[PDB]
Protein chains: 2
Amino acid sequence: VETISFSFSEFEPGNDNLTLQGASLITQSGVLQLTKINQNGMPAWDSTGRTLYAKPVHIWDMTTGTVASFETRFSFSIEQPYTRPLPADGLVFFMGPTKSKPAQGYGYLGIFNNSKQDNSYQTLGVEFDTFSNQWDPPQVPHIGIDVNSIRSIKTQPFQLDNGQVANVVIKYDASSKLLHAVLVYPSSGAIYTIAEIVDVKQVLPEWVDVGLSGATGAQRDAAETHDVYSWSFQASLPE
Amino acid sequence: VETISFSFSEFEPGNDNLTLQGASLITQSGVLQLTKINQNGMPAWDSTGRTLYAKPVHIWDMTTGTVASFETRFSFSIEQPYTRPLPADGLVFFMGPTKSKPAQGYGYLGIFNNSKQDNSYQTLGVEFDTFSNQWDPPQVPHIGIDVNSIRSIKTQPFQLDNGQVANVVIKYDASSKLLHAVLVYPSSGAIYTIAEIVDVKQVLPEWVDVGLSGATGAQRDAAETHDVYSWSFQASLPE
Ligand SMILES: OC[C@H]1O[C@@H](O[C@H]2[C@H](O)[C@@H](O)[C@H](O)O[C@@H]2CO)[C@H](O)[C@@H](O)[C@H]1O
Ligand SMILES: OC[C@H]1O[C@@H](O[C@H]2[C@H](O)[C@@H](O)[C@H](O)O[C@@H]2CO)[C@H](O)[C@@H](O)[C@H]1O
Ligand SMILES: [Ca+2]
Ligand SMILES: [Ca+2]
Ligand SMILES: [Mn+2]
Ligand SMILES: [Mn+2]
């Protein structure tokens, strides 16, 4: 069994194991701000930011045919301060090719370039979508499981607790090829759950980068915050 | 689509839609006590109690070949007041043949008669096991998915927050034959999750009874409480 794991109760500026891209930034108070926040303390539009763990993770081995089981936990808060226009765009937990750079922003959440399903992406993502695009279901916000496409294969609407901290748990069992995610708002006690079959062996490359990505809207004030307070990850490749 | 749903924020004594069996009892304060509590306020051993919704639910149709998607939510607390011996036995959410009576107590949680896998049971259960029997994994308590057998096909250890209220969400997606359950302890913020493939069409009869069951140990003081504070259920059979 080879393993890998990190666990941040809070974030520390200048930490080497974290790669910040785009607007992504860590405050001295220990919080990770994926998207830009102005001097007046309010969310800026047309912003994209990502954070990747500096070490690649071995998700599966082509030689032995074994695939790893993994689990990730993080807590974040999304604040939508504007009355109008509609807020955007959301944040995602993703896995993909190592040494990747930010893709398209807005509805693409910084991890995709278009709305076409392209196995060439080799990207798996669990999104918390706050804006309804042409490819999205009517309800927002919604949790979505993205496999090589911004058009989720599965979707689950949820109630946003504006400014409140949400706890997320995403788990993958290699034995059943089952990916289950959970969203919990400690404040209200609300619980949301999504699950779906995902063959990691058919989607991702043997080695991947794990990260978080966030993005704000394409027009003035179509924004919200994407703050992350903690993040842990663990993977186990048997053989 | 035919549907059915109930939602109890609290329990009311004398409610007609609830069938109490065994020691099961509802207090005037609105709580459902599955297992007996003595005059000294402490849990009694050798106790078994169950509660079933008085109306059967159509889980699948053999004629159209359609299967229903369902979701159930309930909150409970288990208090293990004795230093010794080890506490037992746990509680379960189950689905099975309509008009059923309590089965064996103790490790069988009141829904099974033996440890043998018998498709004749036609019982599906999500257990919160507090005692480790010969057929259980070493770790207790643990969440377990039971399909026609007390020997879970899947298990997940969890940390008991003695006397604290736990929130549970069990969901079944007919499209993926996926059963995902979640346990959350609001107090500590702990989150546990289990998921597995279950073909309801192959396990349960077209019509079933949904209920909760609890049981205490086979020897003096091998007990704990099994209190339920709320319970809601919803099912949707398309066609
Ligand atoms: O408003 C946030 C929303 O914008 C979409 O892009 C719009 C853009 O805002 C609008 O000014 C222009 O005329 O058309 C674009 C396409 O409809 C983004 O695509 C969406 O993801 C959000 O960011
Ligand atoms: O102690 C709780 C535990 O008891 C098991 O049954 C025991 C019984 O307690 C003991 O006195 C007797 O000698 O042997 C039985 C079988 O090992 C139950 O099976 C278990 O579910 C718990 O209830
Ligand atoms: Ca979107
Ligand atoms: Ca047991
Ligand atoms: Mn979406
Ligand atoms: Mn068990």
# chains A, B, ... in the order shown; residues from 1 in each chain; ligands from 1

$ interface_residues --of "chain A" --to "chain B" --cutoff "9 Å" --atoms "only C-alpha atoms" --output "PDB file with N, CA, C and O atoms, in the first residue's frame"
ATOM      1  N   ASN A 167     -19.430  22.191   5.530  1.00  0.00           N
ATOM      2  CA  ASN A 167     -18.462  21.108   5.646  1.00  0.00           C
ATOM      3  C   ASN A 167     -18.722  20.120   4.520  1.00  0.00           C
ATOM      4  O   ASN A 167     -19.866  19.736   4.265  1.00  0.00           O
ATOM      5  N   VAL A 168     -17.655  19.710   3.848  1.00  0.00           N
ATOM      6  CA  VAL A 168     -17.773  18.775   2.741  1.00  0.00           C
ATOM      7  C   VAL A 168     -16.930  17.520   2.926  1.00  0.00           C
ATOM      8  O   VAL A 168     -15.810  17.570   3.424  1.00  0.00           O
ATOM      9  N   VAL A 169     -17.493  16.389   2.531  1.00  0.00           N
ATOM     10  CA  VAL A 169     -16.784  15.122   2.600  1.00  0.00           C
ATOM     11  C   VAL A 169     -17.005  14.430   1.271  1.00  0.00           C
ATOM     12  O   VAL A 169     -18.148  14.221   0.860  1.00  0.00           O
ATOM     13  N   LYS A 171     -15.821  11.022  -0.813  1.00  0.00           N
ATOM     14  CA  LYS A 171     -15.152   9.743  -0.670  1.00  0.00           C
ATOM     15  C   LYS A 171     -15.291   8.836  -1.895  1.00  0.00           C
ATOM     16  O   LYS A 171     -16.322   8.813  -2.563  1.00  0.00           O
ATOM     17  N   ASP A 173     -14.707   4.811  -3.144  1.00  0.00           N
ATOM     18  CA  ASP A 173     -14.402   3.420  -2.829  1.00  0.00           C
ATOM     19  C   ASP A 173     -14.033   2.727  -4.128  1.00  0.00           C
ATOM     20  O   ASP A 173     -14.871   2.595  -5.019  1.00  0.00           O
ATOM     21  N   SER A 176     -16.178  -0.532  -5.307  1.00  0.00           N
ATOM     22  CA  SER A 176     -17.465  -0.358  -5.960  1.00  0.00           C
ATOM     23  C   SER A 176     -17.473   0.755  -6.998  1.00  0.00           C
ATOM     24  O   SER A 176     -18.499   1.015  -7.613  1.00  0.00           O
ATOM     25  N   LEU A 178     -17.478   3.679  -6.523  1.00  0.00           N
ATOM     26  CA  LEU A 178     -18.480   4.592  -6.022  1.00  0.00           C
ATOM     27  C   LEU A 178     -17.953   5.902  -5.423  1.00  0.00           C
ATOM     28  O   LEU A 178     -17.130   5.902  -4.504  1.00  0.00           O
ATOM     29  N   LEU A 179     -18.437   7.021  -5.953  1.00  0.00           N
ATOM     30  CA  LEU A 179     -18.025   8.342  -5.481  1.00  0.00           C
ATOM     31  C   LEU A 179     -19.176   9.032  -4.737  1.00  0.00           C
ATOM     32  O   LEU A 179     -20.155   9.446  -5.358  1.00  0.00           O
ATOM     33  N   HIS A 180     -19.074   9.140  -3.414  1.00  0.00           N
ATOM     34  CA  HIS A 180     -20.115   9.808  -2.650  1.00  0.00           C
ATOM     35  C   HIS A 180     -19.626  11.074  -1.965  1.00  0.00           C
ATOM     36  O   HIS A 180     -18.592  11.090  -1.305  1.00  0.00           O
ATOM     37  N   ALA A 181     -20.386  12.146  -2.151  1.00  0.00           N
ATOM     38  CA  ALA A 181     -20.058  13.433  -1.567  1.00  0.00           C
ATOM     39  C   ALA A 181     -21.179  13.888  -0.634  1.00  0.00           C
ATOM     40  O   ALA A 181     -22.351  13.557  -0.837  1.00  0.00           O
ATOM     41  N   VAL A 182     -20.801  14.638   0.397  1.00  0.00           N
ATOM     42  CA  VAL A 182     -21.746  15.137   1.386  1.00  0.00           C
ATOM     43  C   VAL A 182     -21.477  16.601   1.720  1.00  0.00           C
ATOM     44  O   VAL A 182     -20.329  17.026   1.842  1.00  0.00           O
ATOM     45  N   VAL A 184     -22.665  19.588   4.454  1.00  0.00           N
ATOM     46  CA  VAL A 184     -23.351  19.828   5.711  1.00  0.00           C
ATOM     47  C   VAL A 184     -23.184  21.261   6.171  1.00  0.00           C
ATOM     48  O   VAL A 184     -22.075  21.793   6.183  1.00  0.00           O
ATOM     49  N   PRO A 186     -23.458  23.122   9.369  1.00  0.00           N
ATOM     50  CA  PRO A 186     -23.574  22.999  10.830  1.00  0.00           C
ATOM     51  C   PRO A 186     -24.589  23.968  11.432  1.00  0.00           C
ATOM     52  O   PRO A 186     -25.306  23.627  12.363  1.00  0.00           O
ATOM     53  N   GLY A 189     -27.972  22.612  10.179  1.00  0.00           N
ATOM     54  CA  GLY A 189     -28.043  21.172  10.328  1.00  0.00           C
ATOM     55  C   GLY A 189     -28.456  20.508   9.024  1.00  0.00           C
ATOM     56  O   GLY A 189     -28.711  19.308   8.987  1.00  0.00           O
ATOM     57  N   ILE A 191     -28.351  18.693   5.508  1.00  0.00           N
ATOM     58  CA  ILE A 191     -27.480  17.656   4.962  1.00  0.00           C
ATOM     59  C   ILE A 191     -27.878  17.332   3.531  1.00  0.00           C
ATOM     60  O   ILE A 191     -29.049  17.082   3.249  1.00  0.00           O
ATOM     61  N   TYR A 192     -26.899  17.343   2.630  1.00  0.00           N
ATOM     62  CA  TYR A 192     -27.144  17.045   1.224  1.00  0.00           C
ATOM     63  C   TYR A 192     -26.197  15.930   0.811  1.00  0.00           C
ATOM     64  O   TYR A 192     -25.055  15.887   1.265  1.00  0.00           O
ATOM     65  N   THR A 193     -26.663  15.031  -0.054  1.00  0.00           N
ATOM     66  CA  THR A 193     -25.823  13.922  -0.475  1.00  0.00           C
ATOM     67  C   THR A 193     -25.963  13.540  -1.952  1.00  0.00           C
ATOM     68  O   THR A 193     -27.057  13.565  -2.495  1.00  0.00           O
ATOM     69  N   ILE A 194     -24.845  13.217  -2.602  1.00  0.00           N
ATOM     70  CA  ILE A 194     -24.839  12.798  -4.012  1.00  0.00           C
ATOM     71  C   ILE A 194     -23.917  11.597  -4.119  1.00  0.00           C
ATOM     72  O   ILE A 194     -22.930  11.494  -3.393  1.00  0.00           O
ATOM     73  N   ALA A 195     -24.228  10.699  -5.041  1.00  0.00           N
ATOM     74  CA  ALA A 195     -23.410   9.521  -5.247  1.00  0.00           C
ATOM     75  C   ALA A 195     -23.556   9.102  -6.696  1.00  0.00           C
ATOM     76  O   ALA A 195     -24.593   9.330  -7.322  1.00  0.00           O
ATOM     77  N   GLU A 196     -22.512   8.496  -7.238  1.00  0.00           N
ATOM     78  CA  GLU A 196     -22.555   8.047  -8.618  1.00  0.00           C
ATOM     79  C   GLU A 196     -21.370   7.134  -8.890  1.00  0.00           C
ATOM     80  O   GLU A 196     -20.375   7.159  -8.166  1.00  0.00           O
ATOM     81  N   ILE A 197     -21.497   6.311  -9.925  1.00  0.00           N
ATOM     82  CA  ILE A 197     -20.436   5.399 -10.299  1.00  0.00           C
ATOM     83  C   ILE A 197     -19.422   6.134 -11.168  1.00  0.00           C
ATOM     84  O   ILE A 197     -19.786   6.821 -12.118  1.00  0.00           O
TER      85      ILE A 197
END

$ calpha_fit_and_write --fixed "chain A" --moving "chain B" --output "short mmCIF file (atom, residue, chain, number, x, y, z; two decimals) with C-alpha atoms, in the first residue's frame"
data_model
loop_
_atom_site.label_atom_id
_atom_site.label_comp_id
_atom_site.auth_asym_id
_atom_site.auth_seq_id
_atom_site.Cartn_x
_atom_site.Cartn_y
_atom_site.Cartn_z
CA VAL B 1 0.00 0.00 0.00
CA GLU B 2 1.51 3.50 -0.85
CA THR B 3 -0.21 6.40 0.83
CA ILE B 4 -0.23 10.17 0.85
CA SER B 5 -2.03 12.62 3.08
CA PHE B 6 -2.07 16.20 4.24
CA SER B 7 -4.39 17.96 6.65
CA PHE B 8 -4.65 21.70 7.08
CA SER B 9 -6.65 22.91 10.09
CA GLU B 10 -5.90 26.29 8.67
CA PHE B 11 -3.68 27.73 5.98
CA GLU B 12 -0.24 29.19 6.47
CA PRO B 13 1.15 31.83 4.06
CA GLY B 14 4.30 30.68 2.32
CA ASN B 15 3.62 26.97 2.81
CA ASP B 16 5.63 24.98 0.24
CA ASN B 17 3.22 22.07 -0.24
CA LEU B 18 0.58 24.38 -1.72
CA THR B 19 0.64 25.87 -5.21
CA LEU B 20 -1.44 29.00 -5.60
CA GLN B 21 -2.54 29.96 -9.10
CA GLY B 22 -4.45 32.94 -10.42
CA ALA B 23 -6.12 35.16 -7.81
CA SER B 24 -5.78 32.45 -5.15
CA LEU B 25 -4.36 33.91 -1.95
CA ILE B 26 -3.82 33.00 1.72
CA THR B 27 -4.53 35.59 4.43
CA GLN B 28 -2.46 36.00 7.58
CA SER B 29 -5.57 34.95 9.53
CA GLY B 30 -5.19 31.52 7.94
CA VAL B 31 -7.93 31.47 5.31
CA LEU B 32 -7.59 30.57 1.64
CA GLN B 33 -9.35 33.04 -0.66
CA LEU B 34 -9.75 31.40 -4.06
CA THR B 35 -11.18 34.50 -5.73
CA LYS B 36 -10.26 38.16 -5.30
CA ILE B 37 -11.72 40.37 -2.58
CA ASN B 38 -11.50 44.15 -3.07
CA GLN B 39 -10.29 46.86 -0.72
CA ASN B 40 -13.90 47.56 0.24
CA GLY B 41 -14.02 43.94 1.40
CA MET B 42 -16.43 42.83 -1.31
CA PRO B 43 -16.03 40.07 -3.93
CA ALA B 44 -14.59 41.10 -7.29
CA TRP B 45 -16.05 39.85 -10.56
CA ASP B 46 -14.11 38.31 -13.44
CA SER B 47 -11.79 36.47 -11.03
CA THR B 48 -10.33 32.97 -11.09
CA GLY B 49 -8.07 31.24 -8.59
CA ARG B 50 -6.87 27.74 -7.82
CA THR B 51 -4.80 25.86 -5.27
CA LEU B 52 -3.09 22.54 -5.88
CA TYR B 53 -1.22 20.25 -3.53
CA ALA B 54 2.45 20.50 -4.58
CA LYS B 55 2.87 16.71 -4.62
CA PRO B 56 1.23 14.51 -7.28
CA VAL B 57 -0.75 11.52 -6.06
CA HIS B 58 -0.64 7.99 -7.44
CA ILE B 59 -4.31 7.28 -8.09
CA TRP B 60 -3.94 3.99 -9.99
CA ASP B 61 -1.33 1.63 -11.46
CA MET B 62 -1.61 0.33 -15.02
CA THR B 63 0.89 -2.45 -14.31
CA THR B 64 -0.97 -4.05 -11.40
CA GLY B 65 -4.39 -2.79 -12.44
CA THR B 66 -5.03 -1.51 -8.93
CA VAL B 67 -6.90 1.72 -8.19
CA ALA B 68 -6.67 3.85 -5.04
CA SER B 69 -9.45 4.69 -2.59
CA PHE B 70 -9.46 8.30 -1.43
CA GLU B 71 -11.21 10.81 0.79
CA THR B 72 -11.03 14.57 1.00
CA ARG B 73 -12.55 16.99 3.48
CA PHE B 74 -12.75 20.75 3.40
CA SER B 75 -14.88 23.56 4.73
CA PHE B 76 -15.77 26.74 2.88
CA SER B 77 -18.20 29.62 2.79
CA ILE B 78 -19.76 31.45 -0.12
CA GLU B 79 -21.09 34.94 0.47
CA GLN B 80 -23.37 36.52 -2.14
CA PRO B 81 -23.59 40.19 -1.04
CA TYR B 82 -25.13 41.74 -4.17
CA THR B 83 -28.86 42.15 -4.73
CA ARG B 84 -28.28 42.14 -8.47
CA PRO B 85 -27.18 40.85 -10.81
CA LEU B 86 -27.22 37.10 -10.18
CA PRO B 87 -24.12 35.75 -8.35
CA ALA B 88 -21.50 33.47 -9.96
CA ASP B 89 -19.80 31.15 -10.51
CA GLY B 90 -18.85 28.62 -7.82
CA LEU B 91 -16.01 26.39 -6.63
CA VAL B 92 -14.76 22.86 -7.38
CA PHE B 93 -12.63 20.13 -5.90
CA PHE B 94 -10.80 18.51 -8.80
CA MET B 95 -8.28 15.88 -9.89
CA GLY B 96 -6.49 15.98 -13.22
CA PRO B 97 -3.17 15.87 -15.11
CA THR B 98 -0.20 16.99 -13.01
CA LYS B 99 1.35 20.42 -13.60
CA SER B 100 -1.86 21.93 -14.99
CA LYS B 101 -2.59 25.63 -15.36
CA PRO B 102 -5.91 27.47 -14.96
CA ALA B 103 -8.41 26.78 -17.76
CA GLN B 104 -11.40 28.99 -18.63
CA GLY B 105 -13.09 30.95 -15.85
CA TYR B 106 -16.78 31.72 -15.28
CA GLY B 107 -19.07 28.74 -15.78
CA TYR B 108 -16.04 26.59 -16.58
CA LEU B 109 -14.90 27.06 -12.98
CA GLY B 110 -11.28 27.33 -14.10
CA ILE B 111 -10.86 23.63 -14.94
CA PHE B 112 -12.47 23.30 -18.38
CA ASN B 113 -12.15 25.18 -21.69
CA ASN B 114 -15.55 24.50 -23.21
CA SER B 115 -18.85 22.69 -22.58
CA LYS B 116 -17.97 19.73 -24.75
CA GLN B 117 -17.27 16.35 -23.17
CA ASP B 118 -13.67 15.54 -24.03
CA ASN B 119 -12.01 12.46 -22.55
CA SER B 120 -8.82 14.37 -23.30
CA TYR B 121 -9.50 16.47 -20.18
CA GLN B 122 -8.84 13.55 -17.82
CA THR B 123 -10.46 15.68 -15.14
CA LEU B 124 -12.77 14.66 -12.32
CA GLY B 125 -14.52 17.33 -10.30
CA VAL B 126 -17.13 17.84 -7.61
CA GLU B 127 -18.70 21.26 -8.16
CA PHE B 128 -20.70 23.65 -6.01
CA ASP B 129 -22.29 25.64 -8.82
CA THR B 130 -23.98 28.96 -8.06
CA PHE B 131 -24.94 30.14 -11.55
CA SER B 132 -27.20 28.38 -14.05
CA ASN B 133 -25.51 28.16 -17.46
CA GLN B 134 -27.03 26.76 -20.70
CA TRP B 135 -25.65 23.36 -19.74
CA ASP B 136 -26.90 23.46 -16.13
CA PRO B 137 -30.18 22.35 -14.60
CA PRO B 138 -32.49 25.25 -13.61
CA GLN B 139 -31.78 25.01 -9.88
CA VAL B 140 -28.81 26.73 -8.28
CA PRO B 141 -26.83 26.34 -6.26
CA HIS B 142 -26.27 22.66 -6.96
CA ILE B 143 -23.65 20.01 -6.26
CA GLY B 144 -22.46 18.28 -9.40
CA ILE B 145 -20.18 15.40 -10.32
CA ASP B 146 -18.14 16.35 -13.38
CA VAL B 147 -16.40 13.73 -15.50
CA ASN B 148 -14.42 15.20 -18.39
CA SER B 149 -17.10 17.85 -18.84
CA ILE B 150 -18.65 20.89 -17.18
CA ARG B 151 -22.00 19.24 -17.89
CA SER B 152 -22.45 17.12 -14.76
CA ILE B 153 -23.45 13.48 -15.08
CA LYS B 154 -25.29 13.92 -11.79
CA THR B 155 -26.73 16.95 -10.03
CA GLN B 156 -28.14 17.80 -6.61
CA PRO B 157 -29.75 21.14 -5.68
CA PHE B 158 -29.01 22.59 -2.25
CA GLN B 159 -29.95 25.63 -0.17
CA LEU B 160 -27.16 28.19 0.24
CA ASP B 161 -26.71 29.50 3.78
CA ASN B 162 -25.26 32.86 2.73
CA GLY B 163 -21.98 33.51 4.51
CA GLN B 164 -22.19 30.32 6.58
CA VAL B 165 -19.47 27.70 6.77
CA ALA B 166 -20.18 24.44 4.99
CA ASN B 167 -18.46 21.11 5.65
CA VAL B 168 -17.77 18.77 2.74
CA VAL B 169 -16.78 15.12 2.60
CA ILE B 170 -15.98 13.44 -0.70
CA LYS B 171 -15.15 9.74 -0.67
CA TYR B 172 -14.25 7.19 -3.33
CA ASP B 173 -14.40 3.42 -2.83
CA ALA B 174 -12.32 1.62 -5.44
CA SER B 175 -14.12 -1.69 -4.81
CA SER B 176 -17.47 -0.36 -5.96
CA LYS B 177 -16.21 2.49 -8.17
CA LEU B 178 -18.48 4.59 -6.02
CA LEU B 179 -18.03 8.34 -5.48
CA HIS B 180 -20.12 9.81 -2.65
CA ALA B 181 -20.06 13.43 -1.57
CA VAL B 182 -21.75 15.14 1.39
CA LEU B 183 -22.44 18.78 2.19
CA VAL B 184 -23.35 19.83 5.71
CA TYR B 185 -24.27 23.25 7.06
CA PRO B 186 -23.57 23.00 10.83
CA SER B 187 -25.56 26.19 11.38
CA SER B 188 -28.90 24.86 10.10
CA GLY B 189 -28.04 21.17 10.33
CA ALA B 190 -28.90 20.76 6.64
CA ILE B 191 -27.48 17.66 4.96
CA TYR B 192 -27.14 17.04 1.22
CA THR B 193 -25.82 13.92 -0.48
CA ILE B 194 -24.84 12.80 -4.01
CA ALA B 195 -23.41 9.52 -5.25
CA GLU B 196 -22.55 8.05 -8.62
CA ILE B 197 -20.44 5.40 -10.30
CA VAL B 198 -17.09 6.63 -11.60
CA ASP B 199 -14.38 4.41 -13.06
CA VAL B 200 -11.27 6.36 -12.13
CA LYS B 201 -9.17 3.95 -14.18
CA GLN B 202 -11.04 5.05 -17.32
CA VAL B 203 -11.03 8.76 -16.51
CA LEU B 204 -7.81 9.85 -14.84
CA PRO B 205 -4.10 9.33 -15.58
CA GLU B 206 -2.05 7.22 -13.15
CA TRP B 207 -0.72 10.34 -11.43
CA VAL B 208 -2.82 13.40 -10.67
CA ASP B 209 -2.86 16.81 -9.04
CA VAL B 210 -5.58 17.48 -6.48
CA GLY B 211 -6.88 20.99 -5.97
CA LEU B 212 -9.62 23.53 -5.39
CA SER B 213 -10.72 26.13 -7.90
CA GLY B 214 -13.13 29.06 -7.79
CA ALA B 215 -14.43 31.71 -10.16
CA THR B 216 -16.62 34.82 -10.28
CA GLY B 217 -18.90 36.15 -13.03
CA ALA B 218 -18.33 37.68 -16.46
CA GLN B 219 -20.14 40.95 -15.72
CA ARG B 220 -19.81 43.59 -13.00
CA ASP B 221 -21.00 42.42 -9.55
CA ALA B 222 -21.85 38.92 -10.74
CA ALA B 223 -19.66 37.74 -7.87
CA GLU B 224 -19.47 36.04 -4.48
CA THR B 225 -16.72 34.83 -2.18
CA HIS B 226 -15.04 31.43 -2.25
CA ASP B 227 -13.24 31.07 1.06
CA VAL B 228 -11.75 27.80 2.27
CA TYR B 229 -10.90 27.29 5.94
CA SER B 230 -9.47 23.79 6.02
CA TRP B 231 -8.62 20.94 3.70
CA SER B 232 -7.38 17.40 4.18
CA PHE B 233 -6.75 14.57 1.73
CA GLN B 234 -5.84 10.91 1.90
CA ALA B 235 -5.24 8.19 -0.70
CA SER B 236 -4.31 4.51 -0.55
CA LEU B 237 -3.05 2.49 -3.51
CA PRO B 238 -2.86 -1.17 -2.48
CA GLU B 239 0.12 -3.39 -4.05
#

$ select_by_dssp --residues "stretch 9-173 of chain B" --states "strand (DSSP E)" --output "JSON, numbers by chain"
{"B": [18, 19, 20, 21, 22, 25, 26, 32, 33, 48, 49, 50, 51, 52, 53, 57, 58, 69, 70, 71, 72, 73, 74, 75, 76, 77, 89, 90, 91, 92, 93, 94, 95, 96, 97, 124, 125, 126, 127, 128, 129, 142, 143, 144, 145, 146, 147, 154, 155, 156, 157, 165, 166, 167, 168, 169, 170, 171, 172, 173]}

$ write_last_selection --atoms "C-alpha atoms" --output "tab-separated table (two decimals), in the first residue's frame"
chain	number	residue	atom	x	y	z
B	18	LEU	CA	-47.20	4.34	13.84
B	19	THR	CA	-47.13	0.71	14.96
B	20	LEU	CA	-45.19	0.10	18.15
B	21	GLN	CA	-43.95	-3.42	18.81
B	22	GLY	CA	-42.12	-4.95	21.74
B	25	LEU	CA	-42.75	3.36	23.56
B	26	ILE	CA	-43.45	7.07	23.01
B	32	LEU	CA	-39.56	7.44	20.80
B	33	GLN	CA	-37.80	4.99	23.13
B	48	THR	CA	-36.23	-5.31	22.03
B	49	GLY	CA	-38.53	-2.76	20.45
B	50	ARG	CA	-39.59	-1.69	16.98
B	51	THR	CA	-41.71	0.94	15.26
B	52	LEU	CA	-43.21	0.60	11.80
B	53	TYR	CA	-45.09	3.07	9.66
B	57	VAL	CA	-44.95	1.46	0.70
B	58	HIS	CA	-44.80	0.45	-2.95
B	69	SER	CA	-36.13	6.08	-5.22
B	70	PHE	CA	-36.37	6.84	-1.52
B	71	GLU	CA	-34.88	8.87	1.30
B	72	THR	CA	-35.27	8.68	5.04
B	73	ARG	CA	-34.02	10.97	7.80
B	74	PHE	CA	-34.01	10.49	11.53
B	75	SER	CA	-32.11	11.63	14.58
B	76	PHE	CA	-31.28	9.51	17.60
B	77	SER	CA	-29.00	9.23	20.59
B	89	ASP	CA	-26.72	-4.06	20.83
B	90	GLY	CA	-27.69	-1.17	18.54
B	91	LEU	CA	-30.48	0.10	16.28
B	92	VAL	CA	-31.50	-0.32	12.63
B	93	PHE	CA	-33.57	1.32	9.95
B	94	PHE	CA	-35.15	-1.48	7.93
B	95	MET	CA	-37.45	-2.42	5.07
B	96	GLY	CA	-39.05	-5.82	4.72
B	97	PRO	CA	-42.25	-7.87	4.23
B	124	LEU	CA	-32.78	-4.47	3.86
B	125	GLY	CA	-31.28	-2.66	6.82
B	126	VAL	CA	-28.86	0.10	7.76
B	127	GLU	CA	-27.44	-0.73	11.19
B	128	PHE	CA	-25.69	1.26	13.90
B	129	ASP	CA	-24.05	-1.66	15.67
B	142	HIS	CA	-20.03	0.70	13.14
B	143	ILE	CA	-22.55	1.54	10.42
B	144	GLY	CA	-23.47	-1.45	8.32
B	145	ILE	CA	-25.54	-2.18	5.24
B	146	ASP	CA	-27.45	-5.43	5.75
B	147	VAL	CA	-28.93	-7.34	2.83
B	154	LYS	CA	-20.28	-3.22	3.90
B	155	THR	CA	-19.11	-1.72	7.18
B	156	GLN	CA	-17.94	1.67	8.45
B	157	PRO	CA	-16.56	2.32	11.96
B	165	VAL	CA	-27.86	13.46	19.16
B	166	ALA	CA	-26.89	12.07	15.78
B	167	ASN	CA	-28.46	12.98	12.44
B	168	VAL	CA	-28.86	10.31	9.79
B	169	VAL	CA	-29.65	10.51	6.09
B	170	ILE	CA	-30.18	7.36	4.03
B	171	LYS	CA	-30.82	7.74	0.32
B	172	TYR	CA	-31.43	5.33	-2.54
B	173	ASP	CA	-31.11	6.23	-6.23
